[PDB]
**Q** 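Quick one: the structure is below, and I'll ask about it shortly.
Numbers restart at 1 for each chain; the letters A, B, ... are given by sequence-line order, proteins then strands. No hydrogens, no waters, no symmetry mates; every other heavy atom, side chains included, goes into these values. Read the numbers this way: they start at 1 and go in the same order the structure lists the ligands and their atoms.
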Amino acid sequence: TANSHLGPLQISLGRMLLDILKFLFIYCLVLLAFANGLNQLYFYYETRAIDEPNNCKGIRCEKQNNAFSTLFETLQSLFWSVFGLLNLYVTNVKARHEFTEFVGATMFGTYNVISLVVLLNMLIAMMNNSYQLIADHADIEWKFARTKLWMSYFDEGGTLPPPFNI
Amino acid sequence: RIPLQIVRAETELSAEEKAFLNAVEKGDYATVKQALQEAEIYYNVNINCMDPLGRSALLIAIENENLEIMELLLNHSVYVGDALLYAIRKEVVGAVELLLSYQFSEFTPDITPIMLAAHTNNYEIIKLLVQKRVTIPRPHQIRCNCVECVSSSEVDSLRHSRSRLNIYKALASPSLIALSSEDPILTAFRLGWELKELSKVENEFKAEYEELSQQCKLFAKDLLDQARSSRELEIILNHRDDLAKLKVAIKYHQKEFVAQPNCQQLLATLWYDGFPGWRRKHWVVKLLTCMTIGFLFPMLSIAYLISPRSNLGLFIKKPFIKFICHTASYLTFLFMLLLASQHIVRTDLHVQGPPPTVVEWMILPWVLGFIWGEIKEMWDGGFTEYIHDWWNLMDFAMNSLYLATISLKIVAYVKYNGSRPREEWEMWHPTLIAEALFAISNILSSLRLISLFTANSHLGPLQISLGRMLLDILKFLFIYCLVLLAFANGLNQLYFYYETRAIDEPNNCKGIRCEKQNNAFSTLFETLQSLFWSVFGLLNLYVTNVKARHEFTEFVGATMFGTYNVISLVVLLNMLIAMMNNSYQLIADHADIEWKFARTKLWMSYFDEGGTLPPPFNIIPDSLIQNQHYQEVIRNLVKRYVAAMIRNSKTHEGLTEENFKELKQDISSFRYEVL
Amino acid sequence: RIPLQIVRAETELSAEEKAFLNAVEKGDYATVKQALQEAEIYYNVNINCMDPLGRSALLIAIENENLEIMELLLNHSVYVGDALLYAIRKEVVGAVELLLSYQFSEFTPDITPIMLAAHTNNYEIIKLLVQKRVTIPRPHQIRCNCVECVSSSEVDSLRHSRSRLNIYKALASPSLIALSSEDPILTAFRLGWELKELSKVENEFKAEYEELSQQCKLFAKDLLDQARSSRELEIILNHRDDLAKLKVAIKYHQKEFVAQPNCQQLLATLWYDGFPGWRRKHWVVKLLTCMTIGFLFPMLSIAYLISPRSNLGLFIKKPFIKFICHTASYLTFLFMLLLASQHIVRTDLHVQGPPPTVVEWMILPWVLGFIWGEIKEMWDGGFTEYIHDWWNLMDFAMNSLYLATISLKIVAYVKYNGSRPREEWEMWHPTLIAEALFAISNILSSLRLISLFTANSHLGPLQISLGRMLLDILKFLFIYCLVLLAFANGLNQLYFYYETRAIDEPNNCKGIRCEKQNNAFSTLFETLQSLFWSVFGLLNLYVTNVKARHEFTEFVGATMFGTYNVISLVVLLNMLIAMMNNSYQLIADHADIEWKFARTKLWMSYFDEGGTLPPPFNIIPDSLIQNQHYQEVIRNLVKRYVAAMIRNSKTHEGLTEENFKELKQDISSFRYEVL
Amino acid sequence: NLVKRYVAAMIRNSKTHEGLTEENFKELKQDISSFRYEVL
Amino acid sequence: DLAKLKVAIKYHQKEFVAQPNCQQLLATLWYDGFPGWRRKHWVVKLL
Ligand SMILES: CC(C)CCC[C@@H](C)[C@H]1CC[C@H]2[C@@H]3CC=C4C[C@@H](OC(=O)CCC(=O)O)CC[C@]4(C)[C@H]3CC[C@]12C
Ligand SMILES: CC(C)CCC[C@@H](C)[C@H]1CC[C@H]2[C@@H]3CC=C4C[C@@H](OC(=O)CCC(=O)O)CC[C@]4(C)[C@H]3CC[C@]12C
Ligand SMILES: CC(C)CCC[C@@H](C)[C@H]1CC[C@H]2[C@@H]3CC=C4C[C@@H](OC(=O)CCC(=O)O)CC[C@]4(C)[C@H]3CC[C@]12C
Ligand SMILES: [Ca+2]
Ligand SMILES: [Ca+2]
Ligand SMILES: [Zn+2]
Ligand SMILES: [Zn+2]
């Protein structure tokens, strides 16, 4: 805030943070719904770490497995699928249950569409709308913030820096 | 180098006619008199002479708003046809009264003086005309096949449409409505609805009908803002042709009427029945009261069942308490659904037909209550209204899935008796199908919780805006689907010659859901799935390679895939983003009105006494005086609105013109007195 | 329940003073006379009485623009102080002439009549004042340490700043400039430059100085638009204090002056020297002429070297031909660079110090020509201007890389003699370093081709807009770098305990550029690289796992990585997109002016006769009469501009006030004549 | 001082075309009526 | 010492605080030991 070029930008970003927090609620509700559904579908096919290669279990292994066996793991998998770090073979069970595998794949695809095609674009649109209004009064807010920052060094209390103030 | 001439020459009048027109325009009470005498005697002047710009002497006098010359000409029997319309358009009460006291035109031949006055919206001239027992034609139904309508549409469609539009524009006049209607609010509601419905049948003249409907809605609202007392507001809102007028306004989509601050205060007072000074409390104590009232939902309900007249039994009849209890019940149902898929309560995954567990036994009554409530609401309240909600579709799908799950479980329990390894079950085992349907219904039931966002001041408008953008998302889906189908057809045609069996693949896995993806374009279904999954980057690049060394075919397939990727990810998504931004820009203006309309609709569903108990517990087995009061209040509101609009009509241009005319009249009078 | 009173009471005047003020306001040539007589004799009235709203009788008369009372009061010796300023502000020439004929204020005590007239921009009053030999103070340099400036800034900074702003606002008046300057265009250029430079030193009053500079630029442009002949335009543009005035305008950043249509036509006529009717031809034939002229670039240059006076040798002296030849030469150089890295011309990749190949031998003269041209341009044309281009930086980097490559090749050839397998060479082999530098310089030289886009009507504005957004991209880079450093520090601190040697890893590969990524967070450099590459999704999720079973540490690392991913990819990029949109919205308005300024700057570099030959071939070894003409044209332009502005000054409010005052005067005269 | 300056500035800003036109029209009407009465 | 300015800050008077005359006074107080700070070049200020 002490700089003439970065201060207004920082104020604007801090002003948009609240609306980011607003979208977080809807995203969390959608995530919880789909996690509940996927865990309910897939909890019958849990496997122990002994039978997996390298004795590794979860989605942080080189060969991802047991992605939807527990609610916590399902939440983590659905979070990491936002950035594309979950592979497509995690929807396959060891047995040949093609109906179950297809239903799980359709659930995953619907979640991907809803999360990555709709919600993010709506977030971008309302970010643009918020910034349009915020950009008008950037100077006044930045100068108010800089005045508040300056006034904290006028008084004579706490003159010494923390290494020397004890 | 070509000269300019006059092609459509106008037949000029003689010097006598030019002098007469000049004298009439300038103003000479004696020169015009002697000119009329000369026209009478020697016929030197035509009494019906016309300006080349279609402006007779009477029209010149009318535009000069001097009444002496007009009265003299009327006494001299000049052609007076189509002059009352000019007087009305100029909005001169004295001249209108004068003509009412007894070729080329600027008005279409279907326009009447009353219709023209209504188009102008001048209360003084409309009242003067209506005082003489005038009438206005009323048009036929929107979809009418009568011979007269068919013949009129078959002879002159332009004339027919113009006449209909003129009649509706006259009927939609606020001053005419206030003067001639006994229920102006109801008339405005119905007229706005009819104009809105007509705008989509006459698609060519859509904007005119839209503006007329907006005018009617604005008139109704502005009439509502003239209430000065809670008693007057209650008289207006409770008038039955308990809040009958508010229900009618909701039915007719009067969002600005419903979202007015005086109505919202009354609705909030009704909503917070048992919490006087609710907005006085702190958010922390309000939150804690919410939690405590929520936890006591099993009680307050048994109390209502065993003693409705008791002090405890009358608590659940309040709307806010009822809403909190229903929300707590739904949250409990969702918590049990969460408990269903855990290790604590469900074990022994090896039985073919399993008896229901304790969690499923607990779940069943909630499902029965949901189905019973849906059926009861659909019966009592209107069948055609039940489908115009877009949430009842989700309710229907969820309940159908639950019913199918229960039926499949019963069928499996009846048919199968024993145990068998799950790995050797068939593809279409009833237990597997029931599990899949249960999971899908769980997803839907969890997603239902969105509709409770409209009750909050921060999430409601956002939810309304997203629901408004969904339609344009649906619009883009069509183009995307067509492009996807085209490219899938091409890729499948290219690659269908190189299909391989699952035996020769590693792990005996075939498709793109294997660890090593293969046969991505061997069938149309698989090609569609692959092209769908390539949108998110989950398809690898080696799927375009065939086992043989056909480099031309592999390159053509890779180029097809690259062109599809470019078109889908570089063009269509960015266009979607752009039009999302454009839609949100317009949507953000009216978010408050739409959110308040939605919240009013949500609140009004808890006012009635039907369906008080939540689903778990709901399966256990004078007029004349009111008319006079309404008429008095309507009189007061109309008088106040007319006075306010008249005082608002004072404008600089009108005041300057009036002062100039008055100064000219006084100067002329003083000059005449001096002379 | 507290009463309202008057706290800052005003000392009222007596009934005599109130009556005198009422008579003065109403207007009574005799009543005011007898009141002044009474004040003279009995002292019943104060001649210096003041309205409670600081409005003396003279001020009332001035606001009433009646001169008889003012003349009588002046004859009666009333306090006349600070009345000329009110007359000037009201802009009444008759009253201004009257006062020029011989406490509380609304004006700051530093304001002079000439400064106030200049603030008003009234030509008639400014001329009247300047006719009486008035002066205006001139301020000190922008950065001045003289004692008088230091003392003034140390006593009253508010007064000092207000006085400086008032002086500059007076000096920036178009009417004052036109009246008192002999070179209004040059004066406007210099004043706009000074105000623009001052706006960033007085950062508090930035907008005022910006508006003053914009006013000066607008005045200069509008003066230019008053030319009626090509001879007048050439006289204006070629005036030397060959296009000296245009070069000065370019130096002072006068974009609206340069982009005016009359100037652009002259520049285009100069640019298309050898193609009369170039815009008459079809785009196909123009394109074919471009290709043929491009292919003949080796000729037209040898012809210019061996016979400058010949018909063939004079062709390359035209600007468009010179531009085409330079472009063709650069394209040939780039084609040879492309040929350098092919299988046809380069073989035997096993020699330590290799002699230069034929392609490198051909490449060397182009590099020598580029360096020689850069040095020659930097010497001849100004050293400080050479750095304000932002393309000369790319030129310098590219030529430095080429020089380093040549030096390293020579050093390697001298030092090494023999052959050795490339797999056992050291890390810092001179041949390897030279190859890397050559590749980087190839990238830079290929990227240089962007600067030719400004010559096209479709790509130029787009290139200007992108170059305008680059600065705000640079602004976001800082915040991104800080966040990246914070998270890299945290992750390296968490994970530095689990480093492993390359021996124990498969294939003896260590880092994230291996097929199995490992040691992603073992060092700070590797952590920075991993966090950079995770922006594009090229880092796998198993890099957060340690070889031991430390689940708490692995979970903490995964949560750190997830938080970084959310912050970087969900928040910062979307904010960047939003502010990109906001910047482009404002940039898109003035794209044409900026593009035409850039194209003019590009065109003007080919007009001079220095550096005619392309780099491959450029290493082979009266004043008084002009002043009178300019003065005459300036007289004509100033007269036309003043007349146009005066005719534009006719406004409805002014005309209405003038007509009202004239009618009042005539009515009063007629009433007096009757009486 | 500040209140006096602010009030004077706002009063001088209150001068508007509509108000000035209405005032001039009323004053002209009054003067015309006075002249007519004097003549009569 | 700037009691009224502190009250204005407490009451969120952003337009009052950001006025140019107040900002000049605040800058004068802020640059106590560097008279003519804005006169210097950015390089020497940085050093
Ligand atoms: C992106 C990387 C390089 C960050 C490295 C961390 C630090 C070296 C940076 C981070 C934030 C920087 C600060 C950001 C802003 C300012 C205010 C700045 O004050 C002004 O610019 C005063 C003049 C004006 O108002 O323009 C003085 C440097 C300082 C403290 C900077 C000092 C260096 C800091 C601490
Ligand atoms: C994102 C995760 C935590 C969702 C978890 C599911 C439930 C715990 C949430 C989802 C939606 C929530 C509801 C959303 C909105 C409201 C309205 C709210 O009413 C008000 O805010 C009234 C006062 C006002 O108008 O501001 C009362 C809580 C309630 C029912 C919430 C109760 C808790 C619910 C059911
Ligand atoms: C995208 C690929 C094909 C680039 C290949 C590199 C070159 C073949 C291109 C890159 C930029 C091009 C230049 C961009 C713009 C111009 C200006 C252009 O001039 C006009 O258009 C003048 C008429 C007008 O003002 O519209 C003449 C061609 C030229 C030099 C182009 C010549 C061909 C160049 C060097
Ligand atoms: Ca329902
Ligand atoms: Ca250069
Ligand atoms: Zn009909
Ligand atoms: Zn000085």
Side-chain angles (χ1 to χ4, degrees), chain A residues 23-33 35-36, chain B residues 264 268 271-272 275 278-279 281 283 286-287 289-291 293-294 320 323-332 334-335 338 446-460 463 595-596 599 602-603, chain C residues 264 268 271-272 275 278-279 281 283 286-287 289-291 293-294 320 323-332 334-335 338 370-371 373-378 381 386-387 389-399 446-460 463 595-596 599 602-603 605 611 615:
Chain A
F23 254 76
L24 275 66
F25 268 68
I26 306 142
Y27 169 72
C28 267
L29 177 96
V30 173
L31 163 84
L32 178 76
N36 181 25
Chain B
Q264 289 303 301
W271 179 247
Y272 294 117
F275 302 112
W278 171 266
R279 50 169 154 219
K281 294 150 164 198
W283 68 273
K286 291 190 315 190
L287 202 69
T289 297
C290 274
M291 331 282 146
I293 293 264
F320 192 36
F323 172 77
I324 290 172
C325 285
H326 284 60
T327 311
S329 191
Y330 203 76
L331 290 175
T332 303
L334 284 190
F335 177 86
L338 220 33
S446 288
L447 276 170
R448 167 147 260 288
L449 270 187
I450 271 288
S451 51
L452 300 183
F453 271 20
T454 59
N456 199 262
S457 319
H458 313 97
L459 311 169
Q463 181 222 341
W595 168 60
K596 279 183 264 220
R599 193 186 55 173
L602 169 89
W603 283 6
Chain C
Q264 289 303 301
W271 179 247
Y272 294 117
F275 302 112
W278 171 266
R279 50 169 154 219
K281 294 150 164 198
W283 68 272
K286 291 190 315 190
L287 202 69
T289 297
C290 274
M291 331 282 146
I293 293 264
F320 192 36
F323 172 77
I324 290 172
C325 285
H326 284 60
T327 311
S329 191
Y330 203 76
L331 290 175
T332 303
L334 284 190
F335 177 86
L338 220 33
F370 286 141
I371 293 165
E374 284 298 307
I375 271 179
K376 182 182 101 102
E377 171 197 2
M378 171 311 284
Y386 175 71
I387 63 187
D389 202 354
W390 296 120
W391 284 111
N392 300 339
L393 287 198
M394 183 156 266
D395 275 327
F396 178 78
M398 158 192 333
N399 295 133
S446 288
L447 276 170
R448 167 147 260 288
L449 270 187
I450 271 288
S451 51
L452 300 183
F453 271 20
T454 59
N456 199 262
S457 319
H458 313 97
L459 311 169
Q463 181 222 341
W595 168 60
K596 279 183 264 220
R599 193 186 55 173
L602 169 89
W603 283 6
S605 65

**Q** Distance below 4.0 Å between atom 33 (C) of ligand 2 and any protein heavy atom?
**A** no
**Q** Out of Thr454(B), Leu452(B), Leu459(B), indicate the one that has the non-hydrogen atom closest to atom 15 (C) of ligand 2.
**A** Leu452(B)
**Q** Give, for atom CG of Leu393(C) and atom OH of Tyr386(C), the distance between the pair rounded to the nearest 0.5 Å.
**A** 8.0 Å
**Q** Flag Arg599(C) as yes when one of its N or O atoms lies below 3.5 Å from any N or O atom of ligand 3, and as no otherwise.
**A** no
**Q** How long is the span from the CH2 atom in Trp603(C) to the NZ atom in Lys596(C), to the nearest 0.5 Å?
**A** 10.5 Å
**Q** Taking the Ca ion (ligand 5) as the reference point, name the nearest N/O/S atom of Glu374(C).
**A** OE2
**Q** Can you confirm whether something in the protein, heavy atoms only, sits under 4.0 Å from atom 17 (C) of ligand 3?
**A** yes
**Q** How far is atom 7 (C) of ligand 3 from its nearest protein heavy atom, and which residue and atom is that?
**A** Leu331(C) CD2, 4.0 Å
**Q** Quick one: pull up OH in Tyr330(B) and OG in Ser446(B) and give me the separation to the nearest 0.5 Å.
**A** 7.5 Å
**Q** Please list, in number order, the atoms of ligand 2 under 4.0 Å from a heavy atom of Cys28(A).
**A** 1 (C)
**Q** Are any of the side-chain heavy atoms of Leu449(B) and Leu334(B) separated by less than 4.5 Å?
**A** yes
**Q** Please determine whether the number of non-hydrogen atoms from other residues, nucleotides or ligands lying under 6.0 Å from atom NZ of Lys286(C) exceeds 12.
**A** yes
**Q** Starting from atom 9 (C) of ligand 2, which protein heavy atom do you reach first, and at what distance in Å?
**A** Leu449(B) CD1, 4.6 Å
**Q** Tell me the nearest of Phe335(B), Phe453(B), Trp278(B) to atom 12 (C) of ligand 2, using heavy-atom distances.
**A** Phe453(B)
**Q** Mind checking the OG1-CG spacing from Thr454(C) to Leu602(C)? Nearest 0.5 Å is all I need.
**A** 4.5 Å
**Q** Is the closest protein non-hydrogen atom to atom 22 (C) of ligand 3 under 4.0 Å?
**A** yes
**Q** Among all protein heavy atoms, pick out the one at the shortest distance from atom 27 (C) of ligand 2; state its residue, atom name and that distance to 0.1 Å.
**A** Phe323(B) CE2, 4.8 Å
**Q** Distance check, rounded to the nearest 0.5 Å: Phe23(A) atom CZ versus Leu459(B) atom CG?
**A** 11.0 Å
**Q** Please name the pair of heavy atoms, one in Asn392(C) and one in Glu377(C), separated by the smallest distance, quoted to 0.1 Å.
**A** ND2-OE2, 4.3 Å
**Q** Can a protein heavy atom be found under 4.0 Å away from atom 2 (C) of ligand 3?
**A** no
**Q** Could you list which atoms of ligand 3 come closer than 4.0 Å to a heavy atom of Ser457(C)?
**A** 24 (C), 25 (O), 26 (O)
**Q** If I compare all heavy atoms of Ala455(B) with all of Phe323(B), which pair ends up nearest, and what's the gap?
**A** CB-CZ, 4.3 Å
**Q** Can you list the atoms of ligand 3 that are under 4.0 Å from a heavy atom of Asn456(C)?
**A** 20 (C), 21 (O)
**Q** From the N, O or S atoms in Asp395(C), identify the one nearest to the Ca ion (ligand 5).
**A** OD2
**Q** Do me a favour and list the nearest non-hydrogen protein atom to atom 20 (C) of ligand 3 with residue, atom name and distance?
**A** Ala455(C) O, 3.6 Å
**Q** So which bit of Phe25(A) gets within less than 4.0 Å of ligand 2, heavy atoms only: side chain, backbone, both or neither?
**A** backbone
**Q** Got more than 12 heavy atoms from elsewhere within 6.0 Å of CH2, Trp390(C)?
**A** no
**Q** Quick one: does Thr327(B) get an N or O within less than 3.5 Å of an N or O on ligand 2?
**A** no
**Q** Show the nearest heavy-atom pair for residues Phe320(C) and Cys290(C), with the distance to one decimal.
**A** CZ-SG, 4.3 Å
**Q** I need the nearest protein heavy-atom contact for atom 4 (C) of ligand 2: residue, atom name and distance, please.
**A** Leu29(A) CD1, 4.0 Å
**Q** To the nearest 0.5 Å, what is the distance between CH2 on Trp595(C) and NE2 on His458(C)?
**A** 8.5 Å
